[PDB]
Number of protein chains: 2
Amino acid sequence: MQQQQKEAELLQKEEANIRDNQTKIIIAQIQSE
Amino acid sequence: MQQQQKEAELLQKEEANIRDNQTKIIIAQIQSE
């Protein structure tokens, strides 16, 4: 359960980080308007 | 209970982080005005 504990928070950080990268490109396209 | 303790603060950080990303796009659209 401690591994099912930690594997959740490990994938939490990578998908949080893509979501910051997804917004950093879409802020650029509205600045390209 | 300690896992119900920690799973609350783990989802707390991811939804806090989307809410920062939600505001970083909406500040850009009013700057696109």
# chains A, B, ... in the order shown; residues from 1 in each chain; ligands from 1

call {"tool": "calpha_fit_and_write", "arguments": {"fixed": "chain A", "moving": "chain B", "output": "CSV table (one decimal) with C-alpha atoms, in the first residue's frame"}}
result
chain,number,residue,atom,x,y,z
B,1,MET,CA,0.0,0.0,0.0
B,2,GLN,CA,2.9,2.3,0.6
B,3,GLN,CA,4.0,1.7,-3.0
B,4,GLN,CA,0.4,2.4,-4.1
B,5,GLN,CA,0.8,5.4,-1.9
B,6,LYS,CA,4.0,6.7,-3.5
B,7,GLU,CA,3.2,5.7,-7.1
B,8,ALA,CA,0.2,8.0,-7.0
B,9,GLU,CA,2.1,11.0,-5.9
B,10,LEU,CA,4.9,10.3,-8.4
B,11,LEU,CA,2.6,10.3,-11.3
B,12,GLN,CA,0.9,13.3,-9.7
B,13,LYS,CA,4.1,15.4,-10.1
B,14,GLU,CA,4.6,14.4,-13.8
B,15,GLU,CA,1.1,15.2,-14.9
B,16,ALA,CA,1.1,18.4,-12.9
B,17,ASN,CA,4.3,19.3,-14.7
B,18,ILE,CA,2.9,18.6,-18.2
B,19,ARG,CA,-0.2,20.8,-17.3
B,20,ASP,CA,2.2,23.7,-16.6
B,21,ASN,CA,3.9,23.0,-19.9
B,22,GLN,CA,0.6,22.8,-21.7
B,23,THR,CA,-0.4,26.2,-20.4
B,24,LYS,CA,3.0,27.8,-21.1
B,25,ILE,CA,2.5,27.1,-24.9
B,26,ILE,CA,-1.1,28.3,-25.0
B,27,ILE,CA,-0.2,31.6,-23.3
B,28,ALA,CA,2.2,32.1,-26.2
B,29,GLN,CA,-0.3,31.5,-28.9
B,30,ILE,CA,-2.7,34.2,-27.5
B,31,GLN,CA,0.3,36.4,-27.3
B,32,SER,CA,0.9,35.6,-31.0
B,33,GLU,CA,-2.6,37.0,-31.8

call {"tool": "decode", "arguments": {"residues": "region 3-16 of chain B", "atoms": "N, CA and C atoms", "output": "compact mmCIF listing (two decimals), in the first residue's frame"}}
result
# COMPACT_ATOMS: atom_id res chain seq x y z
N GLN B 3 -3.38 7.60 5.91
CA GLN B 3 -3.48 7.67 4.45
C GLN B 3 -4.62 8.57 4.01
N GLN B 4 -5.75 8.53 4.72
CA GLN B 4 -6.80 9.52 4.48
C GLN B 4 -6.33 10.92 4.88
N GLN B 5 -5.36 10.99 5.79
CA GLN B 5 -4.67 12.24 6.06
C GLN B 5 -3.87 12.71 4.85
N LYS B 6 -3.02 11.84 4.30
CA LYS B 6 -2.06 12.29 3.30
C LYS B 6 -2.69 12.41 1.92
N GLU B 7 -3.67 11.56 1.60
CA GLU B 7 -4.32 11.65 0.29
C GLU B 7 -5.10 12.94 0.13
N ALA B 8 -5.52 13.55 1.23
CA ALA B 8 -6.17 14.85 1.15
C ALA B 8 -5.18 15.94 0.78
N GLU B 9 -4.00 15.95 1.41
CA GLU B 9 -3.02 16.99 1.12
C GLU B 9 -2.33 16.76 -0.21
N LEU B 10 -2.33 15.52 -0.70
CA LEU B 10 -1.77 15.26 -2.03
C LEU B 10 -2.67 15.81 -3.13
N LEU B 11 -3.98 15.56 -3.03
CA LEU B 11 -4.90 16.16 -4.00
C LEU B 11 -5.03 17.65 -3.78
N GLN B 12 -4.72 18.13 -2.57
CA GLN B 12 -4.73 19.57 -2.32
C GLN B 12 -3.70 20.28 -3.18
N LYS B 13 -2.51 19.69 -3.34
CA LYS B 13 -1.45 20.34 -4.09
C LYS B 13 -1.71 20.33 -5.59
N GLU B 14 -2.35 19.28 -6.11
CA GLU B 14 -2.59 19.23 -7.55
C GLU B 14 -3.71 20.18 -7.96
N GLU B 15 -4.76 20.31 -7.13
CA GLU B 15 -5.84 21.21 -7.49
C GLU B 15 -5.49 22.66 -7.17
N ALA B 16 -4.59 22.88 -6.21
CA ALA B 16 -4.02 24.21 -6.04
C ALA B 16 -3.20 24.59 -7.27
